[PDB]
Structure formats: C-alpha cells, structure tokens
Amino acid sequence: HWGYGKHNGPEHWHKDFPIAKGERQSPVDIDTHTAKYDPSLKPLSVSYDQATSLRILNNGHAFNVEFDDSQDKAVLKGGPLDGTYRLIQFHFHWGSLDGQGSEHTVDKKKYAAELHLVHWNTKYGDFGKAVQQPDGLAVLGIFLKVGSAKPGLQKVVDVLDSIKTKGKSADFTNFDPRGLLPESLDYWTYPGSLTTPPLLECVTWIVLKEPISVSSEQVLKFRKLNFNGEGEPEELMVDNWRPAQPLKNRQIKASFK
Ligand SMILES: NS(=O)(=O)[C@@H]1O[C@H](CO)[C@H](O)[C@H](O)[C@H]1O
Ligand SMILES: [Zn+2]
C-alpha cells in the first residue's frame with residue numbers, strides 16, 4: 001500500500017487519493033515574511049492537566065501514543081479555534097539525517113523532526129465524523145532540533161525497543177504530554193489537511209514558532225524503529241515525512257509580530 005519509498009511514496013499517493021492534488025493540502029512552507037500578524041486571534045489554550053495516555057503503537061508508518069478521548073480531559077481551545085478539541089494521539093515524523101525530517105518548513109528550513117498532537121472537534125461526536133468536516137481536526141505541530149535532551153521525551157524513547165516492528169504495541173499510561181511543549185506558544189496557523197493518506201482536508205494547523213531540543217541519542221533511537229513487521233526484511237523507519245505542498249489560495253496567519 002502507501003508508504004514513503006521510491007515506489008509508494010508521496011509522489012504516488014494521488015493515484016489512490018486524488019485529493020493529494022487538492023486545494024488545501026499539507027504540509028506547506030511557512031514564509032515568515034508573508035504571514036500576517038492577526039491581533040484578532042485569541043490566546044491559545046492547551047489544557048493537558050487531565051491527559052490520560054493509554055498505549056504506544058508502531059503502525060508501520062510511525063508510532064502513535066494514544067489517549068482516552070471519552071471526556072474533555074486533555075483539550076485544545078482558543079487561538080483560531082472555535083469550540084473544544086480533544087487530544088486523541090500524537091506521533092512524530094523524522095529524517096535519516098539531522099538536516100531533514102520535519103513536514104512543515106520555515107523559510108524553506110527543514111528541522112530534524114516534527115511532533116504532531118492530533119485533536120478532534122467535540123461538536124462532531126467522534127473522530128470518524130470529525131475528519132469528514134472542514135474544521136474537524138486541530139493539529140499542534142512542534143519542530144524538533146538536535147541539541148540538548150528533552151526530559152519529557154525520554155519516557156517515549158525508553159519504550160521504543162518494545163515496539164520495533166509494525167503491529168507491536170505496549171502499555172503507555174500516565175504519560176504527560178505537557179512535557180513536550182516549548183516555553184513559548186507563539187504560532188502560525190492555516191487551513192490544511194492530514195499529511196498522510198487519506199489526506200483529508202479537515203485540519204486547522206497550529207504550528208509553534210519555538211522548536212524543542214532533543215539529543216542526538218534520542219533521535220538515533222527513533223531511527224532504530226522498523227517500517228516492516230516482525231520476521232520480515234528490515235527497513236529502518238526514517239524519512240516518514242511528506243514534502244511541502246503548494247499554498248495556493250491560502251493565507252498563513254501569525255499570532256506574533
Ligand atoms: N500527519 S497527520 O496529518 O497528523 C495524520 O493524521 C491522521 C488522522 O488523525 C493519522 O493520525 C495519521 O497517523 C497522521 O500521520
Ligand atoms: Zn503527522
């Protein structure tokens with residue numbers, strides 16, 4: 001099926017998912033000199049105090065840390081968002097080298113990796129219904145650069161050995177996502193889509209200006225994961241990022257000057 005290889009990568013997705021060449025695809029390059037400061041934007045509210053993590057799974061494309069989204073425990077509000085969005089999972093996109101890995105770029109600059117915290121609009125009842133709506137999801141994107149270690153990320157790094165291959169999952173309770181956030185919540189925002197098939201155009205992207213730092217050792221452990229399932233030939237899980245797409249008829253707004 002779809003993947004990130006030469007024969008099933010991003011360049012091939014449009015054949016099975018024509019929306020890949022749609023009007024509001026992601027990711028995009030954020031040209032800081034074209035983004036418009038919007039003083040009308042409300043303060044961004046990240047309420048992850050009651051976040052309830054459940055499990056970590058290797059899905060063959062990346063690994064997802066899933067949360068219990070049966071109640072308004074961990075939510076995202078404010079900013080360009082109207083209503084309440086519940087956190088359902090987070091995952092990363094990374095490269096084979098430190099100079100690549102992020103999906104969004106800033107003035108064409110690529111970061112080593114990108115964290116995506118996925119939330120769905122509660123007004124729609126469930127995730128499945130939400131992805132069918134133009135304002136169904138809100139994804140918080142955080143860039144990762146190689147430098148000092150990120151304490152809040154080490155817990156995730158410590159369990160990767162237990163989910164090396166596709167299909168593997170491990171218990172991952174009591175994890176605090178607040179430990180993955182940078183100091184500043186300044187951001188850019190624009191209407192976009194999921195960056196992996198089905199590429200649905202249901203996402204309000206909120207990309208933070210300030211990247212978080214992770215150690216070389218931490219990123220290396222991400223690169224030890226496998227795209228393949230147990231027993232199959234090894235294919236290192238690296239470069240699971242989609243390149244920037246045309247901005248077309250869209251404007252990127254900034255929460256800061
Ligand atoms: N990369 S992405 O747009 O957040 C994409 O979203 C999908 C729907 O939530 C799934 O979570 C994919 O795992 C994720 O990569
Ligand atoms: Zn993602």
# chains A, B, ... in the order shown; residues from 1 in each chain; ligands from 1

$ residues_around --residues "region 43-60 of chain A" --least-positions-apart "6" --cutoff "8 Å" --atoms "only C-alpha atoms" --output "compact mmCIF listing (two decimals) with N, CA, C and O atoms, in the first residue's frame"
# COMPACT_ATOMS: atom_id res chain seq x y z
N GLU A 66 -1.54 6.89 22.04
CA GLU A 66 -2.99 7.12 22.10
C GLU A 66 -3.49 7.55 23.48
O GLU A 66 -2.96 7.13 24.51
N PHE A 67 -4.54 8.37 23.48
CA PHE A 67 -5.14 8.87 24.72
C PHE A 67 -6.63 8.54 24.81
O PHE A 67 -7.28 8.32 23.79
N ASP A 68 -7.15 8.53 26.03
CA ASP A 68 -8.57 8.28 26.24
C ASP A 68 -9.29 9.59 25.95
O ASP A 68 -9.13 10.57 26.67
N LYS A 73 -10.85 15.64 28.96
CA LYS A 73 -9.68 15.60 29.84
C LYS A 73 -8.56 16.48 29.32
O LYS A 73 -8.18 17.46 29.96
N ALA A 74 -8.02 16.14 28.15
CA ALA A 74 -6.95 16.91 27.54
C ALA A 74 -7.52 17.60 26.30
O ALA A 74 -7.89 16.93 25.34
N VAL A 75 -7.61 18.92 26.33
CA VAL A 75 -8.17 19.65 25.19
C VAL A 75 -7.38 20.87 24.73
O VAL A 75 -6.52 21.39 25.44
N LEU A 76 -7.70 21.31 23.52
CA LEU A 76 -7.08 22.47 22.90
C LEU A 76 -8.22 23.43 22.58
O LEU A 76 -9.24 23.04 21.99
N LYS A 77 -8.06 24.69 22.98
CA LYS A 77 -9.07 25.71 22.74
C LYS A 77 -8.40 27.05 22.43
O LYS A 77 -7.18 27.18 22.53
N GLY A 78 -9.21 28.03 22.06
CA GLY A 78 -8.68 29.35 21.77
C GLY A 78 -7.94 29.45 20.46
O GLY A 78 -8.13 28.63 19.56
N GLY A 79 -7.08 30.46 20.34
CA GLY A 79 -6.33 30.65 19.11
C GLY A 79 -7.31 30.88 17.98
O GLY A 79 -8.22 31.70 18.10
N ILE A 163 8.50 -1.82 20.69
CA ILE A 163 7.60 -1.72 19.54
C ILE A 163 8.41 -1.47 18.27
O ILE A 163 8.06 -0.63 17.44
N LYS A 164 9.50 -2.21 18.13
CA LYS A 164 10.40 -2.07 16.99
C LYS A 164 9.74 -2.28 15.64
O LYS A 164 10.05 -1.58 14.68
N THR A 165 8.83 -3.25 15.57
CA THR A 165 8.18 -3.57 14.31
C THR A 165 6.69 -3.27 14.22
O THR A 165 5.98 -3.15 15.23
N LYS A 166 6.22 -3.16 12.98
CA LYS A 166 4.83 -2.86 12.67
C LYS A 166 3.85 -3.81 13.35
O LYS A 166 4.01 -5.03 13.28
N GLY A 167 2.85 -3.24 14.01
CA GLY A 167 1.84 -4.04 14.70
C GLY A 167 2.07 -4.16 16.19
O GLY A 167 1.14 -4.45 16.95
N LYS A 168 3.30 -3.93 16.62
CA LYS A 168 3.63 -4.02 18.04
C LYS A 168 3.09 -2.83 18.82
O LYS A 168 3.12 -1.70 18.35
N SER A 169 2.59 -3.10 20.03
CA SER A 169 2.07 -2.05 20.89
C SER A 169 2.46 -2.37 22.33
O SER A 169 2.64 -3.54 22.69
N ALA A 170 2.60 -1.33 23.14
CA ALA A 170 2.97 -1.50 24.54
C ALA A 170 2.13 -0.57 25.40
O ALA A 170 1.65 0.46 24.93
N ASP A 171 1.95 -0.94 26.66
CA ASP A 171 1.18 -0.10 27.57
C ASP A 171 1.97 1.19 27.76
O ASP A 171 3.20 1.16 27.85
N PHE A 172 1.27 2.31 27.81
CA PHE A 172 1.94 3.59 27.97
C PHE A 172 1.00 4.52 28.73
O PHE A 172 0.49 5.50 28.18
N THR A 173 0.79 4.21 30.00
CA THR A 173 -0.09 5.00 30.85
C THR A 173 0.67 6.05 31.64
O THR A 173 1.89 6.00 31.78
N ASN A 174 -0.08 7.03 32.15
CA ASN A 174 0.47 8.10 32.96
C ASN A 174 1.57 8.92 32.29
O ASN A 174 2.54 9.30 32.93
N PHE A 175 1.43 9.16 30.99
CA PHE A 175 2.41 9.98 30.30
C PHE A 175 1.85 11.39 30.21
O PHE A 175 0.69 11.57 29.84
N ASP A 176 2.67 12.39 30.52
CA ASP A 176 2.25 13.78 30.50
C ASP A 176 2.72 14.49 29.23
O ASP A 176 3.91 14.78 29.08
N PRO A 177 1.80 14.79 28.30
CA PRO A 177 2.18 15.47 27.06
C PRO A 177 2.70 16.90 27.25
O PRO A 177 3.35 17.46 26.37
N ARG A 178 2.41 17.49 28.41
CA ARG A 178 2.86 18.85 28.69
C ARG A 178 4.38 18.95 28.67
O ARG A 178 4.95 20.03 28.49
N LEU A 185 4.26 29.77 23.26
CA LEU A 185 3.16 29.21 22.48
C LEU A 185 2.85 30.06 21.25
O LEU A 185 1.75 29.97 20.70
N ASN A 226 11.41 0.11 12.88
CA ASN A 226 11.23 -0.54 11.58
C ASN A 226 9.86 -0.30 10.96
O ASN A 226 8.84 -0.27 11.66
N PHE A 227 9.84 -0.15 9.64
CA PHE A 227 8.58 0.03 8.90
C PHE A 227 7.94 -1.35 8.77
O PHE A 227 6.72 -1.49 8.76
N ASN A 228 8.80 -2.36 8.65
CA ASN A 228 8.38 -3.75 8.47
C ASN A 228 7.89 -4.44 9.73
O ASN A 228 8.16 -4.00 10.84
N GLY A 229 7.17 -5.54 9.52
CA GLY A 229 6.66 -6.32 10.64
C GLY A 229 7.68 -7.35 11.06
O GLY A 229 8.63 -7.64 10.32

$ select_by_dssp --residues "region 9-175 of chain A" --states "strand (DSSP E or B)" --output "PyMOL selection string"
chain A and resi 29-30+36-37+44-47+53-58+63-67+75-78+85-94+105-106+109+113-121+137-146+166+169-171

$ residues_around --residues "residue 101 (chain A)" --least-positions-apart "3" --cutoff "12 Å" --atoms "only C-alpha atoms" --output "VMD selection string"
chain A and resid 92 to 98 104 to 105 109 to 115 143 to 146 219 222 to 223 237 to 244

$ residues_near_ligand --ligand "ligand 2" --cutoff "9 Å" --atoms "only C-alpha atoms and all ligand atoms" --output "PyMOL selection string"
chain A and resi 62+90-93+103+114-118+139+141+194-196+241

$ residues_around --residues "residue 85 (chain A)" --least-positions-apart "2" --cutoff "9 Å" --atoms "only C-alpha atoms" --output "list in words"
residues 72, 74, 75, 76, 77, 81, 82, 83, 87, 118, 119, 120, 121, 122, 123, 136, 137 and 138 of chain A

$ write_last_selection --atoms "N, CA, C and O atoms" --output "short mmCIF file (atom, residue, chain, number, x, y, z; two decimals), in the first residue's frame"
data_model
loop_
_atom_site.label_atom_id
_atom_site.label_comp_id
_atom_site.auth_asym_id
_atom_site.auth_seq_id
_atom_site.Cartn_x
_atom_site.Cartn_y
_atom_site.Cartn_z
N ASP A 72 -13.66 15.39 28.22
CA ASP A 72 -12.86 16.59 27.99
C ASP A 72 -11.68 16.67 28.96
O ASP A 72 -11.54 17.65 29.70
N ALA A 74 -8.02 16.14 28.15
CA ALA A 74 -6.95 16.91 27.54
C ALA A 74 -7.52 17.60 26.30
O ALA A 74 -7.89 16.93 25.34
N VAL A 75 -7.61 18.92 26.33
CA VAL A 75 -8.17 19.65 25.19
C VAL A 75 -7.38 20.87 24.73
O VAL A 75 -6.52 21.39 25.44
N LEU A 76 -7.70 21.31 23.52
CA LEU A 76 -7.08 22.47 22.90
C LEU A 76 -8.22 23.43 22.58
O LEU A 76 -9.24 23.04 21.99
N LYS A 77 -8.06 24.69 22.98
CA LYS A 77 -9.07 25.71 22.74
C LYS A 77 -8.40 27.05 22.43
O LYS A 77 -7.18 27.18 22.53
N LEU A 81 -9.24 28.58 16.91
CA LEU A 81 -10.26 27.57 17.12
C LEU A 81 -11.56 28.04 17.76
O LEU A 81 -11.56 28.87 18.67
N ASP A 82 -12.66 27.49 17.27
CA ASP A 82 -13.97 27.80 17.80
C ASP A 82 -14.44 26.48 18.39
O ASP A 82 -14.54 25.48 17.67
N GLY A 83 -14.68 26.45 19.69
CA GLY A 83 -15.12 25.22 20.31
C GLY A 83 -14.00 24.49 21.02
O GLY A 83 -12.93 25.05 21.27
N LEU A 87 -7.67 15.87 22.59
CA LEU A 87 -6.45 15.18 22.18
C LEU A 87 -6.76 13.69 22.04
O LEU A 87 -7.35 13.09 22.94
N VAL A 118 -2.62 15.49 17.69
CA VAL A 118 -3.90 15.49 16.99
C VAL A 118 -5.12 15.62 17.90
O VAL A 118 -5.27 14.86 18.85
N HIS A 119 -5.99 16.57 17.58
CA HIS A 119 -7.21 16.81 18.38
C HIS A 119 -8.43 16.86 17.46
O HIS A 119 -8.33 17.29 16.32
N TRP A 120 -9.59 16.41 17.95
CA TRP A 120 -10.80 16.46 17.13
C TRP A 120 -11.88 17.30 17.78
O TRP A 120 -12.00 17.34 19.01
N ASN A 121 -12.67 17.98 16.94
CA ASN A 121 -13.75 18.86 17.38
C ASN A 121 -14.88 18.06 18.03
O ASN A 121 -15.54 17.26 17.36
N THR A 122 -15.12 18.28 19.32
CA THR A 122 -16.15 17.55 20.05
C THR A 122 -17.57 17.73 19.52
O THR A 122 -18.43 16.88 19.75
N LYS A 123 -17.82 18.82 18.82
CA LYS A 123 -19.16 19.07 18.28
C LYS A 123 -19.59 17.96 17.32
O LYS A 123 -20.78 17.80 17.05
N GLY A 136 -12.85 19.82 11.42
CA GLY A 136 -12.94 18.67 12.29
C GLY A 136 -11.75 18.39 13.18
O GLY A 136 -11.91 17.88 14.29
N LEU A 137 -10.55 18.71 12.70
CA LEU A 137 -9.35 18.46 13.47
C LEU A 137 -8.51 19.71 13.67
O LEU A 137 -8.58 20.67 12.90
N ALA A 138 -7.71 19.67 14.73
CA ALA A 138 -6.78 20.74 15.05
C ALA A 138 -5.50 19.99 15.38
O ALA A 138 -5.48 19.15 16.27
#

$ residues_around --residues "residue 161 (chain A)" --least-positions-apart "5" --cutoff "10 Å" --atoms "only C-alpha atoms" --output "short mmCIF file (atom, residue, chain, number, x, y, z; two decimals) with N, CA and C atoms, in the first residue's frame"
data_model
loop_
_atom_site.label_atom_id
_atom_site.label_comp_id
_atom_site.auth_asym_id
_atom_site.auth_seq_id
_atom_site.Cartn_x
_atom_site.Cartn_y
_atom_site.Cartn_z
N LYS A 221 17.53 6.75 18.49
CA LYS A 221 16.64 5.67 18.88
C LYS A 221 15.38 5.65 18.01
N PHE A 222 14.96 6.82 17.53
CA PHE A 222 13.80 6.88 16.65
C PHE A 222 14.15 6.18 15.34
N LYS A 224 15.94 3.71 14.87
CA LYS A 224 16.16 2.27 15.00
C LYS A 224 14.87 1.49 14.81
N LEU A 225 13.75 2.21 14.72
CA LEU A 225 12.45 1.57 14.51
C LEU A 225 12.38 0.99 13.11
#

$ closest_residue --among "A:252, A:180, A:206, A:157" --to "ligand 1" --atoms "only C-alpha atoms and all ligand atoms"
A:206

$ residues_around --residues "residue 154 (chain A)" --least-positions-apart "4" --cutoff "8 Å" --atoms "only C-alpha atoms" --output "MDAnalysis selection string"
chainID A and resid 150 158 218

$ closest_residue --among "A:106, A:160, A:153, A:200" --to "residue 133 (chain A)" --atoms "only C-alpha atoms"
A:200

$ select_by_dssp --residues "region 6-255 of chain A" --states "alpha helix (DSSP H)" --output "tab-separated table (two decimals) with N, CA, C and O atoms, in the first residue's frame"
chain	number	residue	atom	x	y	z
A	127	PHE	N	-14.16	10.93	16.36
A	127	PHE	CA	-13.10	11.20	15.40
A	127	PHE	C	-13.49	10.91	13.96
A	127	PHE	O	-13.21	11.71	13.06
A	128	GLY	N	-14.14	9.76	13.74
A	128	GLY	CA	-14.55	9.38	12.40
A	128	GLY	C	-15.43	10.41	11.71
A	128	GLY	O	-15.30	10.62	10.51
A	129	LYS	N	-16.33	11.03	12.46
A	129	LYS	CA	-17.22	12.04	11.89
A	129	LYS	C	-16.46	13.35	11.68
A	129	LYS	O	-16.67	14.06	10.70
A	130	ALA	N	-15.58	13.65	12.63
A	130	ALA	CA	-14.79	14.88	12.58
A	130	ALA	C	-13.92	15.02	11.34
A	130	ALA	O	-13.82	16.11	10.77
A	151	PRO	N	13.72	16.07	28.53
A	151	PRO	CA	13.26	15.18	29.60
A	151	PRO	C	11.92	14.52	29.34
A	151	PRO	O	11.78	13.30	29.47
A	152	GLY	N	10.93	15.33	28.97
A	152	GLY	CA	9.60	14.81	28.71
A	152	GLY	C	9.52	13.80	27.57
A	152	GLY	O	8.51	13.10	27.44
A	153	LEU	N	10.56	13.71	26.76
A	153	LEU	CA	10.56	12.77	25.64
A	153	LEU	C	11.26	11.45	25.95
A	153	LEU	O	11.01	10.44	25.28
A	154	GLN	N	12.11	11.44	26.96
A	154	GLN	CA	12.85	10.24	27.30
A	154	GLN	C	11.97	9.04	27.63
A	154	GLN	O	12.34	7.90	27.35
A	155	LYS	N	10.79	9.27	28.21
A	155	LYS	CA	9.90	8.17	28.54
A	155	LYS	C	9.45	7.48	27.25
A	155	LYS	O	9.30	6.26	27.21
A	156	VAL	N	9.24	8.26	26.20
A	156	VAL	CA	8.84	7.71	24.91
A	156	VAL	C	10.01	6.95	24.31
A	156	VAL	O	9.84	5.85	23.79
A	157	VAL	N	11.19	7.54	24.38
A	157	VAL	CA	12.39	6.93	23.83
A	157	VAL	C	12.72	5.60	24.52
A	157	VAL	O	13.18	4.65	23.87
A	158	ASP	N	12.47	5.52	25.82
A	158	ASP	CA	12.75	4.30	26.59
A	158	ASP	C	11.91	3.09	26.21
A	158	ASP	O	12.31	1.95	26.46
A	159	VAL	N	10.74	3.31	25.61
A	159	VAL	CA	9.87	2.20	25.27
A	159	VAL	C	9.89	1.78	23.80
A	159	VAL	O	9.26	0.79	23.42
A	216	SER	N	21.03	13.92	20.28
A	216	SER	CA	21.40	13.06	19.17
A	216	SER	C	21.04	11.62	19.53
A	216	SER	O	20.54	10.87	18.69
A	217	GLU	N	21.27	11.25	20.79
A	217	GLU	CA	20.97	9.90	21.26
A	217	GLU	C	19.48	9.60	21.14
A	217	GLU	O	19.10	8.50	20.75
A	218	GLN	N	18.65	10.58	21.49
A	218	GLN	CA	17.20	10.39	21.41
A	218	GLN	C	16.74	10.19	19.97
A	218	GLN	O	15.96	9.27	19.69
A	219	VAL	N	17.21	11.02	19.05
A	219	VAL	CA	16.80	10.89	17.66
A	219	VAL	C	17.28	9.57	17.06
A	219	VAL	O	16.58	8.94	16.27
A	220	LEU	N	18.48	9.15	17.46
A	220	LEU	CA	19.04	7.90	16.96
A	220	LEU	C	18.13	6.72	17.31
A	220	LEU	O	17.97	5.80	16.51
A	221	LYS	N	17.53	6.75	18.49
A	221	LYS	CA	16.64	5.67	18.88
A	221	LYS	C	15.38	5.65	18.01
A	221	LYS	O	14.81	4.59	17.77
A	222	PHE	N	14.96	6.82	17.53
A	222	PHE	CA	13.80	6.88	16.65
A	222	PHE	C	14.15	6.18	15.34
A	222	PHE	O	13.34	5.46	14.76

$ atom_distance --atom1 "CA of residue 189 (chain A)" --atom2 "CA of residue 207 (chain A)"
6.2 Å

$ atom_distance --atom1 "CA of residue 202 (chain A)" --atom2 "CA of residue 26 (chain A)"
10.6 Å

$ closest_residue --among "A:201, A:23, A:135, A:186" --to "ligand 1" --atoms "only C-alpha atoms and all ligand atoms"
A:201

$ closest_residue --among "A:203, A:88, A:131, A:212" --to "residue 25 (chain A)" --atoms "only C-alpha atoms"
A:203

$ residues_around --residues "residue 15 (chain A)" --least-positions-apart "5" --cutoff "12 Å" --atoms "only C-alpha atoms" --output "PyMOL selection string"
chain A and resi 1-2+8-10+20-21+197-198
